[PDB]
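Data block below; observations after.
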Amino acid sequence: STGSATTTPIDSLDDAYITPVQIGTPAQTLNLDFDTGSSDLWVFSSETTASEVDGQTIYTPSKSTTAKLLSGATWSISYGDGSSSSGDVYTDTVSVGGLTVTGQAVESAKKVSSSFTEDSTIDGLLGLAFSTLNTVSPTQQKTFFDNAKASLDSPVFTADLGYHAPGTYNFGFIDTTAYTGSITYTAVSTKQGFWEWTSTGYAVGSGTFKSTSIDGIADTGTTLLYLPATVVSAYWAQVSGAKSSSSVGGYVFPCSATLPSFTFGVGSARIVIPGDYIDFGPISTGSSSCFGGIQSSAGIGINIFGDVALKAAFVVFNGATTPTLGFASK
Ligand SMILES: CNC1Cc2ccccc2C1
């Protein structure tokens, strides 16, 4: 089998992407944030504290003839940005772009943190990291991809995120029309449960490429590109007036600037992030200070190749027995 679904930016900055997902019988369609940095499929629901729902579409398990309470199971997750959610668990039928999994764990939120409430466009998350990170207790549950894998034509999914435009998540096949050149594959460590890999270096604008190993994760659920402070300083030093602001929480730059590109290495290949992808707009409405899309990972403990990096590439998440990542230009 295969599946193919369009993913759409939630706003004009590409702060996140939402993909429609069918849950239950009859189908209830929710717009989920596909997150290769976590492993829980959770949704706003009829069980979510009413004061914490503000515009989201909710899953109502009592209206699904295929929903079954997963008795005794609970979940609780905290994300790198400080947000969190928790609740209980149902199993139900879940379909993405025509690909159906029966018996998928659908984690129903009883509580969500304020950042989720305040984002009316995101109805939940669909985790695509390794199932070893799934938070369901006492019986850990498998991701949608892990459940689908054996049925897929090939044990892969691909992320093709757009810049200020829709893109595509495919399951089970690699669309050879969706990229240019060849796909360069690179080794993955699953030891932390992430799609963790080592970039071979970087360049700023038209500058010379610096060969240096940068271990990080391919994370569709993170907006920005988080890299070591040395790399990030070298980038922003090429933008007149750019500075790290403790009050704002990262590098800012004059909105009048033209940003240089940023290149990262994948083996001997190179992915070029255009400068415009690094502009996240005014820090507050009407400000002439703009927020940068490349930020330091120093306070995080891991480098994160988030959407800013991934949207410059066609990305293959290869879930074969030895997983690997593939990157192509597009
Ligand atoms: C670090 N990324 C996590 C945190 C978050 C917040 C809003 C939407 C998605 C996600 C995944």
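Just so we're on the same page: first chain in the structure tokens is A, next is B, and so on; residues restart at 1 for each chain, and ligands are numbered from 1 in the order they show up.
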Subject >> Surrounding residues of residue 178 (chain A) excluding itself and chain neighbours under 2 positions, 12 Å, only C-alpha atoms, as a ChimeraX atom specification >> reply: /A:158-162,167-170,173-176,180-183,313-316,327-330
Restrict the selected residues to C-alpha atoms and save them as a tab-separated table (two decimals), in the first residue's frame.
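To be explicit, this is the file written out as out_12.tsv:
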```tsv
chain	number	residue	atom	x	y	z
A	158	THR	CA	9.03	11.24	2.65
A	159	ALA	CA	8.68	14.88	3.68
A	160	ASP	CA	8.48	17.52	0.95
A	161	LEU	CA	7.68	20.74	2.81
A	162	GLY	CA	6.97	23.91	0.87
A	167	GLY	CA	3.89	20.31	0.24
A	168	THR	CA	3.48	16.55	0.56
A	169	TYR	CA	3.95	13.63	2.92
A	170	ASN	CA	4.15	10.28	1.10
A	173	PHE	CA	7.05	5.15	-2.11
A	174	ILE	CA	9.57	7.70	-3.33
A	175	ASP	CA	8.14	10.12	-5.94
A	176	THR	CA	11.05	10.43	-8.37
A	180	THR	CA	16.20	17.09	-8.80
A	181	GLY	CA	19.45	15.21	-9.10
A	182	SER	CA	20.02	12.21	-6.84
A	183	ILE	CA	19.12	11.40	-3.23
A	313	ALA	CA	15.07	19.41	0.50
A	314	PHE	CA	13.14	16.32	-0.46
A	315	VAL	CA	13.70	14.14	2.61
A	316	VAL	CA	13.43	10.34	2.79
A	327	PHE	CA	18.23	14.25	1.12
A	328	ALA	CA	17.80	15.61	-2.39
A	329	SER	CA	17.60	19.12	-3.77
A	330	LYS	CA	14.31	20.10	-5.40
```
**OP:** Could the residues that lie within 7 Å of ligand 1, counting only C-alpha atoms and all ligand atoms, be listed as a list in words?
**Re:**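 The neighbouring residues of ligand 1 are, in order, residues 16, 33, 35, 37, 79, 80, 81, 83, 116, 125, 221 and 222 of chain A.
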Restricting it to C-alpha atoms, dump the selection as a compact mmCIF listing (two decimals), in the first residue's frame.
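Below is the file that was written, again32.txt:
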```txt
# COMPACT_ATOMS: atom_id res chain seq x y z
CA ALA A 16 4.16 24.73 11.29
CA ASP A 33 1.10 18.42 12.86
CA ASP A 35 6.28 15.51 13.91
CA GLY A 37 10.72 14.54 16.54
CA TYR A 79 8.12 19.08 24.24
CA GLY A 80 11.35 21.02 23.81
CA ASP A 81 9.52 24.37 23.66
CA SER A 83 4.53 22.85 25.83
CA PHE A 116 -1.67 24.40 22.05
CA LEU A 125 0.19 15.86 16.55
CA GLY A 221 7.82 19.43 14.22
CA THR A 222 10.38 22.15 14.95
```
Subject >> Separation of CA of residue 115 (chain A) from CA of residue 4 (chain A), in Å and rounded to one decimal >> reply: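 If I compute the distance from CA of residue 115 (chain A) to CA of residue 4 (chain A), I get 28.9 Å.
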Subject >> Those in region 114-236 of chain A with strand (DSSP E) from DSSP, as a ChimeraX atom specification >> reply: /A:124-127,156-160,167-171,184-187,196-204,210-218,225-227
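The two atoms in question, CA of residue 5 (chain A) and CA of residue 29 (chain A), are spaced 12.7 Å apart.
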Subject >> Residue neighbourhood region 58-67 of chain A, 9 Å, only C-alpha atoms, exclusion window fewer than 5 positions, as a list in words >> reply: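 These residues fall inside the cut-off: residues 23, 24, 25, 26, 27, 28, 29, 30, 43, 44, 45, 46, 47, 48, 53, 90, 91, 92, 93, 102, 103, 108 and 123 of chain A.
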Selection export as a compact mmCIF listing (two decimals), in the first residue's frame, atoms kept: N, CA and C atoms:
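In the end it all went to result13.txt:
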```
# COMPACT_ATOMS: atom_id res chain seq x y z
N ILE A 23 -9.91 9.92 11.25
CA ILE A 23 -9.92 9.08 12.45
C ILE A 23 -11.34 8.58 12.69
N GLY A 24 -11.49 7.27 12.88
CA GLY A 24 -12.78 6.74 13.29
C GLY A 24 -13.71 6.40 12.14
N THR A 25 -14.89 5.91 12.52
CA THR A 25 -15.93 5.48 11.59
C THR A 25 -17.28 5.99 12.07
N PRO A 26 -17.97 6.84 11.32
CA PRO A 26 -17.53 7.52 10.09
C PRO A 26 -16.31 8.37 10.37
N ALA A 27 -15.58 8.73 9.32
CA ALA A 27 -14.35 9.49 9.49
C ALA A 27 -14.61 10.82 10.18
N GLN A 28 -13.71 11.17 11.09
CA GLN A 28 -13.60 12.50 11.66
C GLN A 28 -12.26 13.04 11.18
N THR A 29 -12.26 14.12 10.41
CA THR A 29 -11.02 14.63 9.85
C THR A 29 -10.47 15.72 10.76
N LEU A 30 -9.26 15.52 11.24
CA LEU A 30 -8.52 16.48 12.06
C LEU A 30 -7.24 16.86 11.34
N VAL A 43 -4.68 13.98 20.01
CA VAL A 43 -5.68 14.86 19.44
C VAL A 43 -6.45 15.61 20.52
N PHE A 44 -6.83 16.84 20.17
CA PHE A 44 -7.93 17.50 20.87
C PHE A 44 -9.18 16.63 20.75
N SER A 45 -9.98 16.58 21.81
CA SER A 45 -11.06 15.61 21.86
C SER A 45 -12.23 16.14 22.67
N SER A 46 -13.31 15.35 22.68
CA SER A 46 -14.45 15.61 23.54
C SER A 46 -14.10 15.52 25.02
N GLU A 47 -12.94 14.97 25.36
CA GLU A 47 -12.47 14.87 26.73
C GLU A 47 -11.58 16.03 27.14
N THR A 48 -11.17 16.88 26.20
CA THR A 48 -10.25 17.97 26.54
C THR A 48 -10.98 19.02 27.38
N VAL A 53 -9.87 24.42 24.94
CA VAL A 53 -10.20 24.28 23.53
C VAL A 53 -10.65 25.65 23.03
N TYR A 90 -7.48 5.69 23.15
CA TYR A 90 -8.38 4.83 22.40
C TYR A 90 -7.59 4.16 21.29
N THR A 91 -8.05 3.01 20.82
CA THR A 91 -7.61 2.54 19.52
C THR A 91 -8.72 2.80 18.51
N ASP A 92 -8.32 3.12 17.28
CA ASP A 92 -9.30 3.41 16.24
C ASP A 92 -8.61 3.30 14.89
N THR A 93 -9.43 3.38 13.84
CA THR A 93 -8.93 3.37 12.47
C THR A 93 -8.46 4.76 12.08
N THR A 102 -5.60 0.04 11.03
CA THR A 102 -6.58 -0.30 12.05
C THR A 102 -5.88 -0.52 13.39
N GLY A 103 -6.59 -0.21 14.47
CA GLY A 103 -6.03 -0.40 15.80
C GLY A 103 -4.94 0.58 16.19
N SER A 108 -6.10 10.67 23.41
CA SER A 108 -7.10 11.71 23.60
C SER A 108 -6.64 12.67 24.69
N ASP A 123 -4.92 20.59 15.41
CA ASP A 123 -5.87 19.75 16.14
C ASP A 123 -5.19 18.62 16.89
```
**OP:** Determine, counting only C-alpha atoms, which protein, DNA and RNA residues have an atom within 7 Å of an atom of residue 194 (chain A); residues of the same chain fewer than 3 positions away are not included. Present the result as a PyMOL selection string.
**Re:** chain A and resi 37+129-130+190+217
Suppose we keep C-alpha atoms; can you now write the selection as a JSON list (two decimals), in the first residue's frame?
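Ended up saving to out-v8.json:
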```
[["chain", "number", "residue", "atom", "x", "y", "z"],
["A", 37, "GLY", "CA", 10.72, 14.54, 16.54],
["A", 129, "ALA", "CA", 10.03, 9.42, 15.41],
["A", 130, "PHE", "CA", 10.83, 5.92, 16.70],
["A", 190, "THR", "CA", 18.18, 5.51, 16.77],
["A", 217, "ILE", "CA", 17.92, 15.41, 14.29]]
```
Check which residues of region 144-216 of chain A sit at most 12 Å from region 286-304 of chain A using only C-alpha atoms, and return one row each with the closest pair of atoms and their distance in Å to one decimal, ordered by chain and rising number, as JSON lines.
```
{"residue": "A:192", "atom": "CA", "partner": "A:302", "partner_atom": "CA", "distance": 10.5}
{"residue": "A:194", "atom": "CA", "partner": "A:304", "partner_atom": "CA", "distance": 10.5}
{"residue": "A:195", "atom": "CA", "partner": "A:304", "partner_atom": "CA", "distance": 10.2}
{"residue": "A:196", "atom": "CA", "partner": "A:304", "partner_atom": "CA", "distance": 9.1}
{"residue": "A:197", "atom": "CA", "partner": "A:303", "partner_atom": "CA", "distance": 10.0}
{"residue": "A:198", "atom": "CA", "partner": "A:303", "partner_atom": "CA", "distance": 9.9}
{"residue": "A:199", "atom": "CA", "partner": "A:303", "partner_atom": "CA", "distance": 10.4}
{"residue": "A:204", "atom": "CA", "partner": "A:294", "partner_atom": "CA", "distance": 11.5}
{"residue": "A:213", "atom": "CA", "partner": "A:303", "partner_atom": "CA", "distance": 11.4}
{"residue": "A:214", "atom": "CA", "partner": "A:303", "partner_atom": "CA", "distance": 7.6}
{"residue": "A:215", "atom": "CA", "partner": "A:303", "partner_atom": "CA", "distance": 6.5}
{"residue": "A:216", "atom": "CA", "partner": "A:303", "partner_atom": "CA", "distance": 4.3}
```
Selected residues, N, CA and C atoms, written as a compact mmCIF listing (two decimals), in the first residue's frame, please.
```txt
# COMPACT_ATOMS: atom_id res chain seq x y z
N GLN A 192 18.69 7.63 20.63
CA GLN A 192 17.87 8.58 21.38
C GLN A 192 16.43 8.60 20.90
N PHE A 194 15.34 9.36 17.89
CA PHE A 194 15.14 10.36 16.85
C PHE A 194 15.74 9.89 15.53
N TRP A 195 15.40 10.60 14.46
CA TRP A 195 16.07 10.47 13.17
C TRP A 195 17.34 11.33 13.26
N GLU A 196 18.35 10.77 13.94
CA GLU A 196 19.57 11.49 14.28
C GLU A 196 20.65 11.12 13.28
N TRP A 197 21.34 12.12 12.75
CA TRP A 197 22.30 11.94 11.68
C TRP A 197 23.42 12.96 11.88
N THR A 198 24.46 12.89 11.05
CA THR A 198 25.60 13.79 11.16
C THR A 198 25.82 14.51 9.84
N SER A 199 25.56 15.81 9.84
CA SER A 199 25.88 16.63 8.69
C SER A 199 27.39 16.78 8.57
N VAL A 204 28.20 29.64 4.55
CA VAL A 204 27.37 30.83 4.68
C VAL A 204 27.44 31.59 3.36
N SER A 213 31.75 17.88 11.49
CA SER A 213 30.63 17.00 11.78
C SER A 213 29.64 17.68 12.72
N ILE A 214 28.37 17.71 12.32
CA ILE A 214 27.30 18.31 13.13
C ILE A 214 26.22 17.25 13.33
N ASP A 215 26.18 16.68 14.53
CA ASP A 215 25.17 15.69 14.86
C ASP A 215 23.85 16.39 15.19
N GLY A 216 22.76 15.95 14.57
CA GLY A 216 21.49 16.59 14.84
C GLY A 216 20.34 15.70 14.40
```
